[PDB]
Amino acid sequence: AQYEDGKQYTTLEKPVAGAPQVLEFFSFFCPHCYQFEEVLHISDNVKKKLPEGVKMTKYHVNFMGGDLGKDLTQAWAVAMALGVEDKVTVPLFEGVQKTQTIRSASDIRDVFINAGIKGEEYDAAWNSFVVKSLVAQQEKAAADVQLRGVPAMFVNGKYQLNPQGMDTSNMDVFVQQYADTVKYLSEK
């Protein structure tokens, strides 16, 4: 409905150049990101309200989970390259945070194999040039907006969402407000 800069969103002094239309950052170690995905379905609700020709991009960050977070960023690149994001997102969140079955990189491989991906294919993707590019692209994107925390969502590389300034008293209302704000800004 009604939008106020500094309230439901903020503006970047340095508006990132070829930033994706809608860009989301997260970490598999991030508790609130897990809430966003499994309970609220923030990305799905945003997607439903996005106008024609607006795509969403989701990137993983290295700054949580120490050395393992970096491997998770590479595994996220593999998921995108193989297009199995929807098959592995929740299993990876659960593996790191719930069942705690992911304690090293080898455990990540097992999640993919369990989803029906051949190990040879995973290993080849992992060491691919497409994947090294995706990894660098992800790290660059985070650098560009000087990201310091997750979850985070940016629109046109110009605006940053601010759930802090949104009505969180009712979660169904909150989710729609977040989606409407993304829509409002994308057409701005």
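The numbering used is simple: start at 1 and walk along the sequence shown. Throughout, rigid core stands for the largest set of C-alpha atoms superposing within 1.5 Å between the two forms.
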{"property": "Stretch with larger C-alpha RMS deviation in 4 other deposited structures of this protein, core superposed, 45-53 versus 60-68", "result": "45-53"}
{"property": "Higher C-alpha RMS shift from the shown form in 4 other deposited structures of this protein - 9-17 or 162-170, rigid core fit", "result": "162-170"}
{"property": "Mean temperature factor over C-alpha atoms, higher-scoring stretch between 125-133 and 53-61", "result": "53-61"}
{"property": "Selected stretch [higher average CA B-factor]: 8-16 or 171-179", "result": "8-16"}
{"property": "Identity of residue with top Cα B-factor, from 70, 41, 32, 158", "result": "158"}
{"property": "Chain-relative CA temperature factor third for residue 141", "result": "middle"}
